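Undergrad:
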Amino acid sequence: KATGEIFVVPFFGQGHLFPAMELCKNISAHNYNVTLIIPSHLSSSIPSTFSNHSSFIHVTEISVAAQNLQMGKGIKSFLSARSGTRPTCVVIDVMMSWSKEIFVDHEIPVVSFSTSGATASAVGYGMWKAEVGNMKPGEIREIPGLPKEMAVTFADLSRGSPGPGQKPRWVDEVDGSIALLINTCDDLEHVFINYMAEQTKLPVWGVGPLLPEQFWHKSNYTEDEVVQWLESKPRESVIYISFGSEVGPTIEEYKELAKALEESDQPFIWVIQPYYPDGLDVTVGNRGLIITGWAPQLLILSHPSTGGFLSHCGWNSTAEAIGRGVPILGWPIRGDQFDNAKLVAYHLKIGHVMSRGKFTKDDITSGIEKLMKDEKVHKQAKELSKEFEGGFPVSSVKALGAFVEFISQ
Numbered sequence: 023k024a025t026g027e028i029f030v031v032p033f034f035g036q037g038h039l040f041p042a043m044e045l046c047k048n049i050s051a052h053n054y055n056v057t058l059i060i061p062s063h064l065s066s067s068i069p070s071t072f073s074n075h076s077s078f079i080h081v082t083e084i085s086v087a088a117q118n119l120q121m122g123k124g125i126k127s128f129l130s131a132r133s134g135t136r137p138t139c140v141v142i143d144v145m146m147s148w149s150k151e152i153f154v155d156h157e158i159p160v161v162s163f164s165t166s167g168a169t170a171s172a173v174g175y176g177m178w179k180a181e182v183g184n185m186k187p188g189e190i191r192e193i194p195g196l197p198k199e200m201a202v203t204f205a206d207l208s209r210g247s248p249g250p251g252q253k254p255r256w257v258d259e260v261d262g263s264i265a266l267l268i269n270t271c272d273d274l275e276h277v278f279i280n281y282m283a284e285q286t287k288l289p290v291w292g293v294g295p296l297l298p299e300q301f302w318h319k320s321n322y323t324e325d326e327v328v329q330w331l332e333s334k335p336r337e338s339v340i341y342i343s344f345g346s347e348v349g350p351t352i353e354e355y356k357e358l359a360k361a362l363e364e365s366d367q368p369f370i371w372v373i374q375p403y404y405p406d407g408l409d410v411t412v413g414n415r416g417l418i419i420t421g422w423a424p425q426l427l428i429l430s431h432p433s434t435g436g437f438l439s440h441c442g443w444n445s446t447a448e449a450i451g452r453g454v455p456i457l458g459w460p461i462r463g464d465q466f467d468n469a470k471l472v473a474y475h476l477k478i479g480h481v482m483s484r493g494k495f496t497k498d499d500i501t502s503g504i505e506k507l508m509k510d511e512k513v514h515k516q517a518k519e520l521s522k523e524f525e526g527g528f529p530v531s532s533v534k535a536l537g538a539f540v541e542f543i544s545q
């Protein structure tokens, strides 16, 4: 019982906490006592489901008011007060790497954890090594070690914190660790996981995507009402449109989207976040749902009436769509979303990217029409999703087990 103790230091915000909680549950399944180290003032952000999951899952609260100097102090006292067994390792979100030196002084091996895909980290590193910053228009710079379709164009240099060609933040965040765990699986990003391993010279394992277990609030409509609507449309006829909660297109571009949906004959669900497309809901009758508030994204993506996903290509949305075989129409806005869009459209070939500044109504009608009619990407998306039906991907299960073998020798 309890082969060892493994600590985990999550990052709170941007969707880093839940992946970490899922990684805790998966690690504990290998007979490890996993402890999540958090600031006390955020204790409420952890559901009772995690605390009472099992006797191998624990939460330690470091007393913090509400910068992170108090954290480091409390982590120091916590490690020094422990009377248990020396922990086998600590898993630190790369965004919490400032605390690495504390666990190094206590002689605890440090494992880095990235909650996003490997493609964005790998392409970011490659762009920096290929000095894409000095690219000229019309030039195309392939990244050695990565697929040719990921080659950088001068247009890629514009992405609405570190820009293309700059040293990505993960390099120094991972420096000092003995291994790197990424929230992905070989089925999704094999070539980029390997690239990450070859450049860092550390073992890199894909132990995700760490999605809610169901994968295997205020709103315009209710869950049952949305399903009712989906049940009334033909198979794979609905395009789900959502830019998440962080960022979105310009107001001018949103109007173009509105005009496109009004002219087209395609059923759609358009989720909007605090703009409003007035009165699109009236003009289109029941061909479209304009959901204000939050929408049941997992229900929508898993419904057989959903045949496309217009997404900003954030990693979580991308992984959910891939796991359900819903092709993506990529409208990336910021950060890693651009490399995620390249992944689906050019590497995995399970989607397309909006093309042809600012996108016009015609560009949006063309892109929605091309995606929903593309039988190749639909067949490819469904084929790839078969690896995600029946349970956690086998690659992630073996990868995590390979990691457990590594940190225990």
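Residues 23 to 88, 117 to 210, 247 to 302, 318 to 375, 403 to 484, 493 to 545 in the entry's author numbering are what the sequence shown spells out, letter by letter.
Every residue, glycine too, gets a C-beta built ideally from N, C-alpha and C.
(1) If you draw a straight line from the C-alpha of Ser76 to the C-alpha of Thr165, how long is it?
(2) Decide if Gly183 is buried, meaning its Cβ has at least 16 other Cβ atoms within 10 Å, or exposed.
(3) With a 10 Å radius around its C-beta and 16 neighbouring C-beta atoms as the bar for buried, classify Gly463 as buried or exposed.
(4) DSSP state of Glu83, grouped into three classes?
(5) Is it right to say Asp325 is buried, meaning 16 or more other beta carbons lie within 10 angstroms of its own, or is it exposed?
(6) Tell me which same chain residues have a C-beta within less than 8 Å of the C-beta of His475, skipping the five on either side of it?
(7) Contact between the region 136–149 and the region 28–44: three or more CB pairs below 8 Å?
(8) So which of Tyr355, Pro529 and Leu296 has the shortest CA-CA distance to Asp498?
(9) Give the straight-line distance between the Cα atoms of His440 and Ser73, rounded to the nearest whole angstrom.
(10) Here's a check: name, in chain order, each residue in its chain whose Cβ is nearer than 7 Å to the Cβ of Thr25, leaving out the five neighbours to either side.
(11) Look up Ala24 in the DSSP assignment and say whether it is helix, strand or coil.
(12) Do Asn269 and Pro248 have their CB atoms nearer than 8 Å?
(13) Report yes or no: is there a C-beta of chain D within less than 8 Å of the C-beta of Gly249?
(14) Under 8 Å: do the region 285–295 and the region 254–265 share three or more Cβ pairs, one atom per stretch?
(15) Can you have a look at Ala423 and say buried or exposed, based on whether 16 or more other CB atoms are within 10 angstroms of its CB?
(16) Can you list, in chain order, the stretches of the beta strand (DSSP E) that have 3 or more residues and sit fully within the region 119–143?
(17) Secondary structure at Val339, three-state DSSP: helix, strand or coil?
(18) Could you tell me the boundaries of the alpha helix (DSSP H) in which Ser521 lies?
(19) What residues are listed by DSSP as bridge partners for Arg191?
(20) Taking the straight line between their C-alpha atoms, what separation do you get for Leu426 and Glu448?
(21) DSSP three-state label for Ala180, please.
(22) Straight-line CA distance for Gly122 to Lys518?
(23) Applying the criterion that 16 or more other CB atoms from any shown protein chain within 10 Å of the CB defines a buried residue, is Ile478 buried or exposed?
(24) Evaluate contact between the region 496–511 and the region 344–364, counting only Cβ atoms and requiring at least three cross-stretch pairs below 8 Å.
(25) Once DSSP output is grouped into helix, strand and coil, what is the label at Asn48?
(26) Output the boundary residues of the beta strand (DSSP E) element that contains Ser73.
(27) What residues are listed by DSSP as bridge partners for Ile418?
TA: In this structure, then:
(1) Within the sequence shown, residue 76 is the residue found at index 54, counting from 1. Within the sequence shown, residue 165 is the residue found at index 115, counting from 1. Spanning the two alpha carbons is a distance of roughly 23 Å.
(2) Taking the first residue of the sequence shown as 1, we reach residue 183 at position 133. Burial call: exposed.
(3) Stepping through the sequence shown from its first residue, residue 463 is reached at position 335. Counting of Cβ neighbours within 10 angstroms places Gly463 among the buried residues, the total reaching 16 or more.
(4) Locating residue 83 in the sequence shown gives position 61, counting from the first residue. Here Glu83 sits in strand by DSSP.
(5) Your numbering for residue 325 matches position 224 in the sequence shown. Flag for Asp325 reads exposed.
(6) Position 347 of the sequence shown holds residue 475. Correct list, in chain order: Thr169, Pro197, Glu199, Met200 and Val277.
(7) Segment contact: the region 136–149 against the region 28–44, three or more CB-CB distances shorter than 8 Å; contact assigned.
(8) Here residue 498 refers to the residue found at position 362 of the sequence shown. Comparing Cα positions, the closest option is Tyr355.
(9) On the sequence shown, position 312 is the one that residue 440 refers to. On the sequence shown, position 51 is the one that residue 73 refers to. Whole-angstrom Cα-Cα distance: 33 Å.
(10) The sequence position of residue 25 within the sequence shown is 3, counting from 1. Excluding residues within five positions, the ones whose Cβ falls inside 7 Å are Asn53 and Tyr54.
(11) Along the sequence shown, read from residue 1 onward, the residue named residue 24 stands at position 2. Coil.
(12) Translated into the one-based positions of the sequence shown, residue 269 becomes position 183. Translated into the one-based positions of the sequence shown, residue 248 becomes position 162. In this structure, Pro248 does not lie closer than 8 Å to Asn269 by Cβ.
(13) This model lacks chain D altogether, as it is built from one protein chain only.
(14) Taking 8 Å as the limit for Cβ pairs, the verdict is that the region 254–265 does touch the region 285–295.
(15) Your numbering for residue 423 matches position 295 in the sequence shown. Buried.
(16) With a minimum length of 3 residues, the unbroken runs of beta strand (DSSP E) contained wholly in the region 119–143 fall at 139–143.
(17) Numbered from its first residue, the sequence shown carries residue 339 at position 238. Strand.
(18) One-based indexing of the sequence shown puts residue 521 at position 385. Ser521 -> alpha helix (DSSP H) spans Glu511 to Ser521.
(19) Looking up residue 191 in the sequence shown gives position 141. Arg191 is bridged to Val202.
(20) Along the sequence shown, one-based indexing puts residue 426 at 298. Along the sequence shown, one-based indexing puts residue 448 at 320. Distance between the alpha carbons of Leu426 and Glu448: 7 Å.
(21) As a working mapping, residue 180 is identified with position 130 in the sequence shown. In the structure shown, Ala180 sits in coil (DSSP, three-state: anything other than H, G, I, E or B).
(22) Counting from 1 along the sequence shown, the entry for residue 122 is found at position 72. Counting from 1 along the sequence shown, the entry for residue 518 is found at position 382. Between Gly122 and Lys518, the alpha-carbon positions lie close to 46 Å from each other.
(23) As a working note, residue 478 is residue 350 in the sequence shown. That one is buried.
(24) Inter-segment contact for the region 496–511 and the region 344–364 is present: three or more beta-carbon pairs are separated by less than 8 Å.
(25) Residue 48 sits at position 26 when you count from the first residue of the sequence shown. In the displayed model, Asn48 falls within a helix according to three-state DSSP.
(26) By one-based count along the sequence shown, residue 73 stands at place 51. Taken as a continuous stretch (DSSP letters only), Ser73 belongs to no beta strand (DSSP E), being part of the alpha helix (DSSP H) at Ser70 to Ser73.
(27) If you number the sequence shown from 1, residue 418 lands on position 290. As a beta-bridge residue in DSSP terms, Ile418 pairs with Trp371.
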